[PDB]
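Trainee: Attaching a single structure in structure tokens format; questions to follow.
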Amino acid sequence: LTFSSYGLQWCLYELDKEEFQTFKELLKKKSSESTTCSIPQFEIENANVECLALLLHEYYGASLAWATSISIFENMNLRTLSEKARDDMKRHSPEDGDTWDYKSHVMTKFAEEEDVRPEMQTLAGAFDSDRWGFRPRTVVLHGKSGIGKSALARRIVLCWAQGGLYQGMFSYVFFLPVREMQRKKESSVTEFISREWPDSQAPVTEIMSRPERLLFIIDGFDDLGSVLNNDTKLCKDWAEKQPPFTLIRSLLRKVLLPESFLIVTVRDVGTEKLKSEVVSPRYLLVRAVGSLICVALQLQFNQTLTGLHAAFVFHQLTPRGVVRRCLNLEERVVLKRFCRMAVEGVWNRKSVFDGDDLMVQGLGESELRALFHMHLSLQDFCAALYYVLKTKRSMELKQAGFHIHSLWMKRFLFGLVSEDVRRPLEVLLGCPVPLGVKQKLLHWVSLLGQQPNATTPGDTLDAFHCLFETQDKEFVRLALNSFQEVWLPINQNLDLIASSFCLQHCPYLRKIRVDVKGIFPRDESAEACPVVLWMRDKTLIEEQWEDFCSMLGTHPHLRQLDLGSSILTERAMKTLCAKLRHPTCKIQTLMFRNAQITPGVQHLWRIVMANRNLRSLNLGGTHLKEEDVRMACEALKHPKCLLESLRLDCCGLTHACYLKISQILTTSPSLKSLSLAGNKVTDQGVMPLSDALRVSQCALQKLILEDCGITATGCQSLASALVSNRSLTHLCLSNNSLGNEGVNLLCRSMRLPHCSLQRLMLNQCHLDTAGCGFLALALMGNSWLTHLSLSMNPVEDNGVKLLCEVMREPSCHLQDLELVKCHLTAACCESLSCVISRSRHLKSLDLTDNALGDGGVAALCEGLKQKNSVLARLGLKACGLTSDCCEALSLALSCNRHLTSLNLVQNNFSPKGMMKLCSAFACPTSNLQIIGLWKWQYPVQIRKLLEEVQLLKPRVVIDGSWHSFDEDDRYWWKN
Amino acid sequence: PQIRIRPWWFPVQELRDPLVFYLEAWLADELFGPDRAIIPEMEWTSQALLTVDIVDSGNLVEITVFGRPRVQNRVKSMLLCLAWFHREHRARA
Amino acid sequence: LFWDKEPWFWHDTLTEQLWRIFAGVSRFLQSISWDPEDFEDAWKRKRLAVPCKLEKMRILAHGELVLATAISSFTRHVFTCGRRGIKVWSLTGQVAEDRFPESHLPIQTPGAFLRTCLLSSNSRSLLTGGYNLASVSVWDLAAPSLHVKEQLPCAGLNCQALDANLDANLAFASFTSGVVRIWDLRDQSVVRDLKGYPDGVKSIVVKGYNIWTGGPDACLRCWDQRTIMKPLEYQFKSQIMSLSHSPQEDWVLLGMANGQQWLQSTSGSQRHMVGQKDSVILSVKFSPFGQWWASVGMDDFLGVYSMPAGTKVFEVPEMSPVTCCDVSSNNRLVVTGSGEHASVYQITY
């Protein structure tokens, strides 16, 4: 039952939030149509993805629920997810003498030399066959360093010797230690087998007799890798003498003795290096940090682990029987040598020290044993302590730079600059320590800050963790002084603690977003956890979320708050809003579009009512109840509200909702904007709005109605309101099948001189030549309207001709006109060129996704050549340009001075044409401040040519994604 | 010391920072079955490694998940929802 | 990577500084992101939007000429092919250029080579074939350890193209003797044989019951599996180098070896050129959602084209000829192979 719903749950996670809402609505329709099986509507609405899948399976059944989901997927025009779902259903839906003496002698030998210095069931199953059907010949073990791999291998050999492990498979065992191989320059397997036997003589024919009888064990592959890095040809002959590394290489590659079977023990770095050698292996994962931690606690800085380790190490460093005694010179010298050996071990990724290397360093054995008690964690701490107190380029540099194990040393290095852990060091050593590493870390964090893009999420989280470890206010403030806006995902409680501490000291934080998922406590009812009442309710996570919300509320310099993608429990929203209500807050913009906050909306309106500094509020993709709209309207009417913008998207409002919105529109004085995009707005809902706008009191200055599906009756209602109104200035009606009739009604309304709106947009409105003629007739004699847009409408050449003829008299006051995807040609371009040369009021133009070709652009170049033109920005893209047109354009730009912005992307230019274009660009005459081109799209010569143009005129910026540093109003008005 | 098989397609890097949480023994029994025969398929489809163990007392069951933290949280939530469904189903019958 | 003066990471500079201290003597590259919520590209002012930006984010050193590639996004691995073996890479780590494969699958046989490779759509198997090899071998990727699970026989034949259909558990392969074989993966037994054209067929594409094949003879044929009828031929003026199919709408894409791309409809005989280059096209690949396609040719260029009319959105240069490309199922990653290396680009829009 669970196995089938698991796959379904994982299929639905591919759908987006809007796709999820569409899925829920389509499921509502499917349930309504059917009569055999029923589903409550409110239960479909309240459920999220996981509850949705489990509910679907509870009602329909396994196969039926899968089939329903597949059919719905197909309905939303998703075909890949349908096939993935079908496959995952296919998988998840169930179908409906001498040898004995040798082994005894080996037993005695290793028993003695191990006396000098459960899992068996799993190890016995290592070479068995799985349910797939497969018999592996090589097995590799990896895991933590605390466990003794040598001990494990030797105990395996012991169990084989007694015979309780692998009694029937093989007859010989060879144990291979790597250090001993490195001890001898020349070696061979013959010498090894002679060594192992007591008499030192063995029958070579007997040993080579059969393949299955042999087993080899290789231990500590990671201890030495420098010699193995070398490349030499593999040896086919077993008896031949070769370097030990060549023997190991041949043995692992299975070129040597291809029929035998192996087993290897390695560490994480070693398996990183080794995974490329072995063939078709079976990995086994084995899992003294706890003992070390409790021992350190016994010998006691509770805020961080670095403080605990510092306490332990400093306590150990004190002379035995004496307290806080200053170290002598020789003690300091030997400590420095020990710490250098530790850093060398860290860099070289080896944790095993031999006696000869210790002699090379020169430190004494007794003093060393006095300095250290037990571990890689202590090694990393000692390396950090070194940093507190060979070849120019080496492979160890990049190996240790992999930062899987170096992360701990970095963390401890950051945590060692704190004063609380500094004073014990100062008293212990008795000397003041100057260090420059603090400056280096500060510069590193600042360099992260000085990037032009918004700080990356993971980088920000890691930097915050480091700075939280540091625990220095002045250092943190100097470190975070650089960057102004952050992007901060949160996954665990430690994330909350670190962010809460670090974000208080960001002096110039202006914007922020937070992605919060999976943190919140399991619901107190229906999801009790035996391990987790204090953990289930009133948990520490709740207190620390409260602390995070408190610090978010109290921040003085923050202005915008965003929620990228969060799943908020009603309690989380309760506490967040409660911390946001207080008047000391200063957050001006809120955005909840992408967050899932449906259960917690009811606690939002109180901040709007009470907070005096809020100005904008955005909601989207959420479902709003009628009582929610009533509460919002009541909050807006309150005389202490100063909110200036409200956006409601895809909320699916009822008719009575629009009645209440009209009433607040006539009531609320402060509201100056309103957006209803994606909502269904029937003409019956348009009429209340028209009545509200007719009243002289209304002060709405912008109005957006996108995908609202209004008709000609709505057009005449809005036209009459416009005749009556004198406050509205901006108006948008896009993706509405208005048609020529509706455009005619609006035309008749705008014909009068007393209209006062300045910007109108109509995209995907099924316009045609006749509608463009209506607009042409209305435009003449009108002086207020300034910005007009008609994109994605089949307004042909002739309609543009009418518009151009209308606009060519100076009387006209149209500044910005942009039309995209209108099926234009060359003659239209000639008329437009005449318009540009003659007119004086037009300042912006846009021709994108039109097949102007070379002739149209040549005509336009003739148009722009005139010094009378005052065009400011020109938009060309996907216009199919080539060499000759680009030559003419280059000359035009050489001649012009007024143009500032340009765009040429998705156009095919040959290298010669680009040489001409760049030569035109570099001219002092032309001053283009923005250019649309992709640098990386062109050969090295062209790239260096563009860079040479760039270093000249340092002000110019070439960036492919147009709209860079453009006026904010143009796009901000729309949405 | 516990030894477990890990598939070749799981990087060794993700093994850091596992996540742990307990449940009831019988509930785990019906979640995964007495044989634990469905763990491989769930691991492949979710791209994360599970491990189910019984406390010495025999009252609680420990589940550990390896993977990127968001996958850990997601798997935890799905298993918890299934656990609640089984608890309420036991109450219903 | 190669395009920039030097690729650096955020922690790499700290490591460098600490190394200098120990020895006594935009600007930062990013990693590839998986979660759709992290992607966070602003809406233009699942998704059928045409891409608008690229960035190289890794280089994979194979050590010998790369003949084929494949990329998986459900699992993070990448597969590279050469004349001597296959190497599997992992995209989870962070490093500018990697030299250590996740695995290596060599093929040892005197005078045995590899030409082709193919990754099933569900990312649970992988096909392989070559010259003078005993049979076509399929690897099992979902098992805990890599191993060959089936062998599809072909004696004394040299395969040059591979394709698989998983809904009907069929596998196809084209041999240099102008023979196409169909295997049933449950039994691994040959089903049906298509023959009669000596030049062979360099590319084969399967959707529904129709197999589309094209070769230097400058003809494109459409076999039907349900019958033994002669194929329907569409004569072209140049020799075809590659094929691809539109998953949503009825359209077959193809390259002509004279730097020209055409579209062909199954229902009727309509054609119209959609792009032209000065080079030889060696591979054309379709996007999973079908609103664009990628092309790689002999004059060191990787290009992306728009489905509605064939406009090219952008292209990237390279130092050596490219010979193969693949696009991930996330619609976000694309891999190409030139010389002895394979590169990975991320798609943002």
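Each chain in the structure tokens gets a letter, A, B and so on, in the order shown; residues start at 1 in every chain, and ligands are counted from 1 in the order they appear.
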Could you pull out the strand (DSSP E or B) residues of stretch 634-866 of chain A, going by DSSP on the backbone, and write them as a PDB file with N, CA and C atoms, in the first residue's frame?

Mentor:
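Wrote it out as out.pdb, contents follow:
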ATOM      1  N   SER A 645      -0.237  49.995  -2.681  1.00  0.00           N
ATOM      2  CA  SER A 645      -0.284  49.047  -3.785  1.00  0.00           C
ATOM      3  C   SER A 645      -0.730  47.692  -3.269  1.00  0.00           C
ATOM      4  N   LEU A 646      -1.592  47.023  -4.028  1.00  0.00           N
ATOM      5  CA  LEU A 646      -2.130  45.725  -3.646  1.00  0.00           C
ATOM      6  C   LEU A 646      -2.295  44.886  -4.898  1.00  0.00           C
ATOM      7  N   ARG A 647      -1.761  43.672  -4.884  1.00  0.00           N
ATOM      8  CA  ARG A 647      -1.763  42.814  -6.059  1.00  0.00           C
ATOM      9  C   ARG A 647      -2.354  41.461  -5.699  1.00  0.00           C
ATOM     10  N   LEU A 648      -3.383  41.050  -6.436  1.00  0.00           N
ATOM     11  CA  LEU A 648      -4.084  39.794  -6.203  1.00  0.00           C
ATOM     12  C   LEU A 648      -4.096  39.010  -7.505  1.00  0.00           C
ATOM     13  N   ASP A 649      -3.403  37.875  -7.526  1.00  0.00           N
ATOM     14  CA  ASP A 649      -3.173  37.125  -8.753  1.00  0.00           C
ATOM     15  C   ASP A 649      -3.701  35.710  -8.601  1.00  0.00           C
ATOM     16  N   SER A 675      -4.162  45.382  -8.902  1.00  0.00           N
ATOM     17  CA  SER A 675      -3.924  44.430  -9.976  1.00  0.00           C
ATOM     18  C   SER A 675      -4.807  43.207  -9.787  1.00  0.00           C
ATOM     19  N   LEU A 676      -5.511  42.818 -10.842  1.00  0.00           N
ATOM     20  CA  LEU A 676      -6.306  41.593 -10.857  1.00  0.00           C
ATOM     21  C   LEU A 676      -5.931  40.849 -12.136  1.00  0.00           C
ATOM     22  N   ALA A 677      -4.855  40.076 -12.069  1.00  0.00           N
ATOM     23  CA  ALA A 677      -4.295  39.400 -13.231  1.00  0.00           C
ATOM     24  C   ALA A 677      -4.463  37.897 -13.079  1.00  0.00           C
ATOM     25  N   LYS A 702      -3.478  53.415 -11.318  1.00  0.00           N
ATOM     26  CA  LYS A 702      -3.120  52.321 -12.204  1.00  0.00           C
ATOM     27  C   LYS A 702      -4.152  51.216 -12.059  1.00  0.00           C
ATOM     28  N   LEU A 703      -4.299  50.410 -13.104  1.00  0.00           N
ATOM     29  CA  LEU A 703      -5.227  49.286 -13.066  1.00  0.00           C
ATOM     30  C   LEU A 703      -4.759  48.253 -14.073  1.00  0.00           C
ATOM     31  N   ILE A 704      -4.591  47.016 -13.621  1.00  0.00           N
ATOM     32  CA  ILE A 704      -4.109  45.924 -14.453  1.00  0.00           C
ATOM     33  C   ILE A 704      -5.183  44.851 -14.491  1.00  0.00           C
ATOM     34  N   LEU A 705      -5.533  44.408 -15.696  1.00  0.00           N
ATOM     35  CA  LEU A 705      -6.508  43.340 -15.902  1.00  0.00           C
ATOM     36  C   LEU A 705      -5.946  42.427 -16.985  1.00  0.00           C
ATOM     37  N   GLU A 706      -5.269  41.366 -16.565  1.00  0.00           N
ATOM     38  CA  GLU A 706      -4.565  40.460 -17.458  1.00  0.00           C
ATOM     39  C   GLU A 706      -5.247  39.100 -17.434  1.00  0.00           C
ATOM     40  N   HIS A 730      -2.807  55.051 -15.737  1.00  0.00           N
ATOM     41  CA  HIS A 730      -2.263  53.885 -16.413  1.00  0.00           C
ATOM     42  C   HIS A 730      -3.325  52.801 -16.489  1.00  0.00           C
ATOM     43  N   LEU A 731      -3.374  52.101 -17.616  1.00  0.00           N
ATOM     44  CA  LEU A 731      -4.390  51.085 -17.845  1.00  0.00           C
ATOM     45  C   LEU A 731      -3.808  50.005 -18.740  1.00  0.00           C
ATOM     46  N   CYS A 732      -4.025  48.744 -18.375  1.00  0.00           N
ATOM     47  CA  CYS A 732      -3.488  47.604 -19.111  1.00  0.00           C
ATOM     48  C   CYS A 732      -4.593  46.583 -19.318  1.00  0.00           C
ATOM     49  N   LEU A 733      -4.746  46.111 -20.558  1.00  0.00           N
ATOM     50  CA  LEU A 733      -5.725  45.078 -20.911  1.00  0.00           C
ATOM     51  C   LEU A 733      -5.057  44.183 -21.953  1.00  0.00           C
ATOM     52  N   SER A 734      -4.411  43.118 -21.493  1.00  0.00           N
ATOM     53  CA  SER A 734      -3.667  42.221 -22.360  1.00  0.00           C
ATOM     54  C   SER A 734      -4.226  40.812 -22.259  1.00  0.00           C
ATOM     55  N   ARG A 759      -0.832  56.109 -20.415  1.00  0.00           N
ATOM     56  CA  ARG A 759      -0.211  54.890 -20.913  1.00  0.00           C
ATOM     57  C   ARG A 759      -1.259  53.801 -21.073  1.00  0.00           C
ATOM     58  N   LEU A 760      -1.282  53.180 -22.249  1.00  0.00           N
ATOM     59  CA  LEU A 760      -2.242  52.132 -22.571  1.00  0.00           C
ATOM     60  C   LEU A 760      -1.510  51.003 -23.273  1.00  0.00           C
ATOM     61  N   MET A 761      -1.862  49.765 -22.950  1.00  0.00           N
ATOM     62  CA  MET A 761      -1.233  48.610 -23.569  1.00  0.00           C
ATOM     63  C   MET A 761      -2.291  47.591 -23.955  1.00  0.00           C
ATOM     64  N   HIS A 787       2.341  56.766 -24.082  1.00  0.00           N
ATOM     65  CA  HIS A 787       2.928  55.457 -24.334  1.00  0.00           C
ATOM     66  C   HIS A 787       1.850  54.508 -24.826  1.00  0.00           C
ATOM     67  N   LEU A 788       2.109  53.847 -25.950  1.00  0.00           N
ATOM     68  CA  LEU A 788       1.152  52.941 -26.567  1.00  0.00           C
ATOM     69  C   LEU A 788       1.883  51.705 -27.062  1.00  0.00           C
ATOM     70  N   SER A 789       1.288  50.535 -26.857  1.00  0.00           N
ATOM     71  CA  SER A 789       1.919  49.286 -27.258  1.00  0.00           C
ATOM     72  C   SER A 789       0.886  48.370 -27.888  1.00  0.00           C
ATOM     73  N   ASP A 816       6.528  56.884 -26.865  1.00  0.00           N
ATOM     74  CA  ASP A 816       6.951  55.491 -26.856  1.00  0.00           C
ATOM     75  C   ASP A 816       5.904  54.646 -27.558  1.00  0.00           C
ATOM     76  N   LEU A 817       6.316  53.946 -28.608  1.00  0.00           N
ATOM     77  CA  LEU A 817       5.461  52.991 -29.302  1.00  0.00           C
ATOM     78  C   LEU A 817       6.276  51.738 -29.559  1.00  0.00           C
ATOM     79  N   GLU A 818       5.768  50.594 -29.116  1.00  0.00           N
ATOM     80  CA  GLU A 818       6.482  49.337 -29.271  1.00  0.00           C
ATOM     81  C   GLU A 818       5.516  48.250 -29.708  1.00  0.00           C
ATOM     82  N   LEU A 819       5.810  47.632 -30.851  1.00  0.00           N
ATOM     83  CA  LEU A 819       4.984  46.576 -31.421  1.00  0.00           C
ATOM     84  C   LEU A 819       5.871  45.414 -31.842  1.00  0.00           C
ATOM     85  N   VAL A 820       5.512  44.214 -31.401  1.00  0.00           N
ATOM     86  CA  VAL A 820       6.315  43.014 -31.590  1.00  0.00           C
ATOM     87  C   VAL A 820       5.428  41.930 -32.175  1.00  0.00           C
ATOM     88  N   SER A 844      11.079  56.406 -28.488  1.00  0.00           N
ATOM     89  CA  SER A 844      11.366  54.987 -28.363  1.00  0.00           C
ATOM     90  C   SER A 844      10.607  54.211 -29.424  1.00  0.00           C
ATOM     91  N   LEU A 845      11.207  53.112 -29.873  1.00  0.00           N
ATOM     92  CA  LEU A 845      10.599  52.260 -30.882  1.00  0.00           C
ATOM     93  C   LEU A 845      11.099  50.841 -30.673  1.00  0.00           C
ATOM     94  N   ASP A 846      10.310  49.877 -31.135  1.00  0.00           N
ATOM     95  CA  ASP A 846      10.630  48.476 -30.906  1.00  0.00           C
ATOM     96  C   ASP A 846      10.114  47.646 -32.069  1.00  0.00           C
ATOM     97  N   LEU A 847      11.011  46.878 -32.688  1.00  0.00           N
ATOM     98  CA  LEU A 847      10.669  45.981 -33.796  1.00  0.00           C
ATOM     99  C   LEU A 847      11.371  44.657 -33.509  1.00  0.00           C
ATOM    100  N   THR A 848      10.634  43.710 -32.944  1.00  0.00           N
ATOM    101  CA  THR A 848      11.190  42.436 -32.517  1.00  0.00           C
ATOM    102  C   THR A 848      10.365  41.305 -33.114  1.00  0.00           C
TER     103      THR A 848
END

Trainee: Identify every residue of chain C that has at least one atom within 7 Å of any atom of chain A, counting only C-alpha atoms, and report the result as a PyMOL selection string.

Mentor: chain C and resi 12+14-15+19+23+37+46+100-104+145-147+312-317

Trainee: Now that the selection is made, can you save its residues with N, CA and C atoms as an mmCIF file, in the first residue's frame?

Mentor:
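Final file, again.cif:
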data_model
loop_
_atom_site.group_PDB
_atom_site.id
_atom_site.type_symbol
_atom_site.label_atom_id
_atom_site.label_comp_id
_atom_site.auth_asym_id
_atom_site.auth_seq_id
_atom_site.Cartn_x
_atom_site.Cartn_y
_atom_site.Cartn_z
ATOM 1 N N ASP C 12 38.764 28.193 -3.380
ATOM 2 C CA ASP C 12 40.066 27.908 -3.968
ATOM 3 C C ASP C 12 41.068 29.010 -3.652
ATOM 4 N N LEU C 14 41.119 30.920 -0.942
ATOM 5 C CA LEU C 14 41.533 30.722 0.443
ATOM 6 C C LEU C 14 42.528 29.575 0.553
ATOM 7 N N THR C 15 42.276 28.478 -0.163
ATOM 8 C CA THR C 15 43.227 27.372 -0.154
ATOM 9 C C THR C 15 44.581 27.817 -0.692
ATOM 10 N N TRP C 19 48.056 27.799 1.331
ATOM 11 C CA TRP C 19 49.212 27.089 0.797
ATOM 12 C C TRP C 19 50.438 27.987 0.758
ATOM 13 N N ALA C 23 53.866 27.147 2.770
ATOM 14 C CA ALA C 23 55.117 26.924 2.057
ATOM 15 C C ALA C 23 56.211 27.907 2.452
ATOM 16 N N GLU C 37 13.446 25.227 -7.743
ATOM 17 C CA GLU C 37 13.262 26.452 -6.974
ATOM 18 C C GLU C 37 14.530 27.292 -6.937
ATOM 19 N N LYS C 46 6.520 21.246 -19.329
ATOM 20 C CA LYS C 46 6.535 22.214 -18.241
ATOM 21 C C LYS C 46 6.540 23.631 -18.793
ATOM 22 N N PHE C 100 39.238 11.873 -12.905
ATOM 23 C CA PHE C 100 38.999 10.600 -12.233
ATOM 24 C C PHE C 100 37.576 10.116 -12.493
ATOM 25 N N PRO C 101 37.370 9.166 -13.400
ATOM 26 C CA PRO C 101 36.012 8.702 -13.689
ATOM 27 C C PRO C 101 35.380 8.003 -12.500
ATOM 28 N N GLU C 102 34.049 8.027 -12.481
ATOM 29 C CA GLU C 102 33.312 7.243 -11.499
ATOM 30 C C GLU C 102 33.489 5.752 -11.741
ATOM 31 N N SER C 103 33.729 5.353 -12.986
ATOM 32 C CA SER C 103 33.936 3.956 -13.343
ATOM 33 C C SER C 103 34.554 3.918 -14.728
ATOM 34 N N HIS C 104 35.102 2.762 -15.084
ATOM 35 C CA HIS C 104 35.671 2.547 -16.407
ATOM 36 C C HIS C 104 35.341 1.136 -16.854
ATOM 37 N N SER C 145 25.926 -2.828 -8.470
ATOM 38 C CA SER C 145 27.236 -2.885 -9.112
ATOM 39 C C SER C 145 27.066 -3.071 -10.611
ATOM 40 N N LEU C 146 27.845 -2.324 -11.391
ATOM 41 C CA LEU C 146 27.763 -2.407 -12.844
ATOM 42 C C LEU C 146 28.113 -3.806 -13.329
ATOM 43 N N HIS C 147 27.330 -4.310 -14.276
ATOM 44 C CA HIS C 147 27.612 -5.597 -14.891
ATOM 45 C C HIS C 147 26.715 -5.756 -16.106
ATOM 46 N N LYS C 312 18.262 30.823 -35.506
ATOM 47 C CA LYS C 312 19.269 30.350 -34.564
ATOM 48 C C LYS C 312 19.397 31.349 -33.425
ATOM 49 N N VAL C 313 19.127 30.886 -32.204
ATOM 50 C CA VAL C 313 19.113 31.784 -31.058
ATOM 51 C C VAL C 313 20.527 32.246 -30.725
ATOM 52 N N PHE C 314 21.472 31.318 -30.643
ATOM 53 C CA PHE C 314 22.873 31.655 -30.409
ATOM 54 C C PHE C 314 23.707 30.420 -30.722
ATOM 55 N N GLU C 315 25.024 30.595 -30.704
ATOM 56 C CA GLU C 315 25.954 29.499 -30.937
ATOM 57 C C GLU C 315 27.253 29.802 -30.210
ATOM 58 N N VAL C 316 28.035 28.754 -29.974
ATOM 59 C CA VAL C 316 29.283 28.867 -29.222
ATOM 60 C C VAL C 316 30.411 28.270 -30.055
ATOM 61 N N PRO C 317 31.589 28.884 -30.099
ATOM 62 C CA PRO C 317 32.699 28.305 -30.856
ATOM 63 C C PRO C 317 33.511 27.317 -30.032
#

Trainee: Compile the residues of chain B that lie within 8 Å of chain C, evaluated using only C-alpha atoms, and express the compilation as a list in words.

Mentor: residues 6, 7, 8, 9, 11, 13, 44 and 47 of chain B

Trainee: With N, CA and C atoms retained, could you export that selection as a PDB file, in the first residue's frame?

Mentor:
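Output below, filename again_16.pdb:
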ATOM      1  N   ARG B   6      26.246  -0.258  -0.409  1.00  0.00           N
ATOM      2  CA  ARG B   6      25.838   0.993  -1.022  1.00  0.00           C
ATOM      3  C   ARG B   6      26.001   0.896  -2.532  1.00  0.00           C
ATOM      4  N   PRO B   7      25.000   1.302  -3.309  1.00  0.00           N
ATOM      5  CA  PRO B   7      25.109   1.181  -4.765  1.00  0.00           C
ATOM      6  C   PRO B   7      26.176   2.097  -5.342  1.00  0.00           C
ATOM      7  N   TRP B   8      26.673   1.703  -6.516  1.00  0.00           N
ATOM      8  CA  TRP B   8      27.711   2.470  -7.190  1.00  0.00           C
ATOM      9  C   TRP B   8      27.253   3.869  -7.571  1.00  0.00           C
ATOM     10  N   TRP B   9      25.945   4.092  -7.708  1.00  0.00           N
ATOM     11  CA  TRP B   9      25.448   5.358  -8.228  1.00  0.00           C
ATOM     12  C   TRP B   9      25.244   6.410  -7.152  1.00  0.00           C
ATOM     13  N   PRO B  11      27.125   8.943  -4.739  1.00  0.00           N
ATOM     14  CA  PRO B  11      28.460   9.471  -4.448  1.00  0.00           C
ATOM     15  C   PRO B  11      28.804   9.353  -2.976  1.00  0.00           C
ATOM     16  N   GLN B  13      30.312  11.524  -1.384  1.00  0.00           N
ATOM     17  CA  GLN B  13      30.285  12.848  -0.771  1.00  0.00           C
ATOM     18  C   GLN B  13      28.999  13.076   0.007  1.00  0.00           C
ATOM     19  N   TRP B  44      16.208   3.727  -5.142  1.00  0.00           N
ATOM     20  CA  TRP B  44      16.469   4.125  -6.521  1.00  0.00           C
ATOM     21  C   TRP B  44      15.543   5.249  -6.963  1.00  0.00           C
ATOM     22  N   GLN B  47      16.533   8.307  -4.866  1.00  0.00           N
ATOM     23  CA  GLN B  47      17.949   8.661  -4.918  1.00  0.00           C
ATOM     24  C   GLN B  47      18.470   9.045  -3.534  1.00  0.00           C
TER      25      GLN B  47
END

Trainee: Residues of chain A within 7 Å of chain B, counting only C-alpha atoms, what are they? List them as a ChimeraX atom specification.

Mentor: /A:2,50,119,122,283-287,491,518,526-527,529-531

Trainee: Kindly export the residues of the current selection with N, CA and C atoms, as a short mmCIF file (atom, residue, chain, number, x, y, z; two decimals), in the first residue's frame.

Mentor:
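File written: out14.cif
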data_model
loop_
_atom_site.label_atom_id
_atom_site.label_comp_id
_atom_site.auth_asym_id
_atom_site.auth_seq_id
_atom_site.Cartn_x
_atom_site.Cartn_y
_atom_site.Cartn_z
N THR A 2 1.85 1.29 0.89
CA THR A 2 2.73 2.45 0.96
C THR A 2 3.67 2.50 -0.24
N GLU A 50 1.57 15.57 -0.75
CA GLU A 50 1.67 14.27 -0.09
C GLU A 50 0.29 13.78 0.34
N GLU A 119 28.90 -8.35 12.79
CA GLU A 119 29.38 -8.03 11.45
C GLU A 119 29.84 -9.27 10.70
N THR A 122 27.38 -10.37 8.05
CA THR A 122 27.47 -9.57 6.83
C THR A 122 28.71 -9.94 6.02
N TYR A 283 30.76 -2.26 -2.97
CA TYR A 283 31.20 -1.38 -1.90
C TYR A 283 30.48 -1.73 -0.61
N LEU A 284 31.23 -1.79 0.49
CA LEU A 284 30.68 -2.01 1.82
C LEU A 284 31.07 -0.84 2.72
N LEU A 285 30.08 -0.30 3.43
CA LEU A 285 30.25 0.90 4.23
C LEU A 285 30.25 0.52 5.71
N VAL A 286 31.27 0.97 6.44
CA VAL A 286 31.48 0.61 7.83
C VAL A 286 31.29 1.85 8.70
N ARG A 287 30.43 1.73 9.70
CA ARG A 287 30.22 2.81 10.66
C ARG A 287 29.70 2.25 11.98
N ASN A 491 17.51 25.00 6.05
CA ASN A 491 17.10 23.60 6.08
C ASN A 491 17.10 22.98 7.47
N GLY A 518 10.79 22.14 5.66
CA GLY A 518 11.15 20.97 6.44
C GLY A 518 11.59 21.23 7.86
N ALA A 526 -2.19 14.27 14.90
CA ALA A 526 -2.15 13.37 13.76
C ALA A 526 -0.74 13.06 13.27
N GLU A 527 0.30 13.67 13.82
CA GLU A 527 1.66 13.34 13.42
C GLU A 527 2.59 13.32 14.62
N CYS A 529 5.31 11.98 17.18
CA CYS A 529 6.54 11.21 16.99
C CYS A 529 6.98 10.64 18.33
N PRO A 530 7.11 9.32 18.48
CA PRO A 530 7.49 8.78 19.80
C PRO A 530 8.80 9.35 20.33
N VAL A 531 9.79 9.54 19.47
CA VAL A 531 11.07 10.09 19.92
C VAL A 531 10.92 11.56 20.28
#

Trainee: Write out as a VMD selection string each polymer residue whose atoms come within 10 Å of stretch 53-62 of chain C, counting only C-alpha atoms; drop sequence neighbours fewer than 5 positions from it.

Mentor: (chain A and resid 934 936 to 937 960 to 961) or (chain C and resid 1 to 3 7 29 to 32 78 80 to 82 85 to 89 91 94 to 101 313 to 316 332 to 335 337 339 to 349)

Trainee: Would you list the contacts of residue A:350 as a VMD selection string, taking every protein, DNA or RNA residue within 8 Å and counting only C-alpha atoms, but skipping same-chain residues closer than 6 positions in sequence?

Mentor: chain A and resid 222 to 224
